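For reference, the chains in residue letters:
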Amino acid sequence: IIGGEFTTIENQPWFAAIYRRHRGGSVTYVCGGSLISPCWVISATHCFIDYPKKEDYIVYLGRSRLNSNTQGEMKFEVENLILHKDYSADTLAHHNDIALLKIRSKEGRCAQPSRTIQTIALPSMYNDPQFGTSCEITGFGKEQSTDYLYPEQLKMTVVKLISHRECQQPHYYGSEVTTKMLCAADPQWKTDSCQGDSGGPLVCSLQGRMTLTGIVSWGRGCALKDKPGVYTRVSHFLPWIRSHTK
Ligand SMILES: NCc1ccc(Br)cc1
C-alpha cells in the first residue's frame, strides 16, 4: 500500500495472508485474500497461475505482521485451489482475475471468529456503491513502487470509486478496463495499492455493512497520475462464487 497508514488485523479481520512453500524450505509471501465464509478465502487468480498446486500454499488469518507471529493467528492449508477458467492477461489488464481457496487446518477445522478473525459480506448481485464513494484497501504490498522489501506491518488506506466512464478515458486505461472491473484511486493520486497487495480486499460500506466490493487486480504503477487501481468487480461474479463454493 502506497501512503495510508499502518494498522492491525483487528481493523481488517477478514484479511488473509497467503504464502508459498519453497524447495530449499523457504516460505515467501504471495498475495492477500479475504475470508468470505468460515472455509473460503477469495483472492486473485493471477497470484497463483504460475504455480497452481494447492499443496504449495499456506493461508494465515488473524495476522498483523508479514514475517513474524501475531497472537491469535491461525494457519491453514489449501484443500481446494479454484482458479477462473477464463483468466487471461493483457499487457496490463487481467481478466476474470478471481480465485477461491478452500481452507482447513491440519486439525481439519475451518475459521472460527474472534477479536482478530471475521468473515466479510459479499455484495448482492450486481449491487455496487456509487462513484465518489470512499472505500478501503489493505495489504502487505510495497510502500513504494521502487522498494525491494515488503513492509512488516499490515497497512490500509482509503480510495474513491471512479466511474467506468472516467476510467475509460484514453489518458487512463481505455479499452483495457471492462464491466467485470472497478476503478478506484485517490483524488490527488497520493495513495494506492501496489505489488504484493493483489488478491486483497476493496471494502465499501453497503447497506450499513462492510462489504467486499473489489479484489486488488492491477494498475499501471502505484499512485501514478491518471492511473488508478483496478479491481475485480465482485458483484458480477456471484454465480461463479456460489457454484464453486459447494
Ligand atoms: N499487480 C500489482 C499492482 C496492483 C495494483 C496496483 Br495500483 C499496482 C500494481
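Per the deposited record, the coordinates in this entry were obtained by X-ray crystallography to a resolution of 2.00 Å.

Engineer: Sorry if this is basic, but what is going on with the sheet that holds strand β2 (residues 15-21) here?
Structural biologist: Strand pairing in a sheet relies on backbone hydrogen bonds. The paired strands run either parallel or antiparallel. Strand order around the closed barrel formed by 6 strands is β2-β3-β4-β9-β6-β5, with antiparallel pairing between neighbours. The sheet shows a mean angle of 40° between the axes of neighbouring strands, taken without regard to direction. As paired elements, strand β4 (residues 40-43) and strand β9 (residues 99-104) share 4 bridges and run antiparallel to each other. Looking at β9, one finds that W40 is bridged to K102.

Engineer: Is there a simple way to think about the domain arrangement of the protein in this case?
Structural biologist: When the parts of a complex come together, some accessible area is lost, and that lost area is often used as the size of the interface. Under the domain assignment, the protein is made up of domain 1 (1-12 + 120-235) and domain 2 (13-119 + 236-246). Centre-to-centre, using C-alpha coordinates, domain 1 lies 18 Å away from domain 2. In this complex, domain 1 contributes 43 residues to the contact, which on the side of domain 2 involves 39 residues. A buried area of about 3500 Å², summed over both sides, lies between domain 1 and domain 2, and 63% of it is on carbon and sulfur atoms. When the area that domain 1 buries against domain 2 is broken down by residue, the three leading residues are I9, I120 and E152, summing to 21%. For the pair domain 1 and domain 2, the interface holds 1 salt bridge. A salt bridge links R115 to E10; its shortest N-O distance comes to 2.3 Å. If you list the elements that add at least two residues to the side of domain 1 that touches domain 2, you get β10 (134-139), β13 (201-205), β14 (210-218) and β15 (229-233). If you tally residues by element for the side of domain 1 that touches domain 2, the top one is β14, at 6 residues.

Criteria and thresholds
Residues numbered from 1 in each chain as written, not as in the entry; some residues may be left out. Heavy atoms only, no water. Pairing = 2+ DSSP bridges. Helix = DSSP H or I, 4+ residues; strand = E, 2+ residues; numbered from the N terminus. Axes fitted to C-alpha atoms, helices over the stretch in contact; angles between N-to-C directions. Domains from an automatic or database assignment. Contact = heavy atoms within 4.5 Å. Buried area = accessible area lost by both parts, 1.4 Å probe. Salt bridge = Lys/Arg side-chain N within 4 Å of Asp/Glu carboxyl O.

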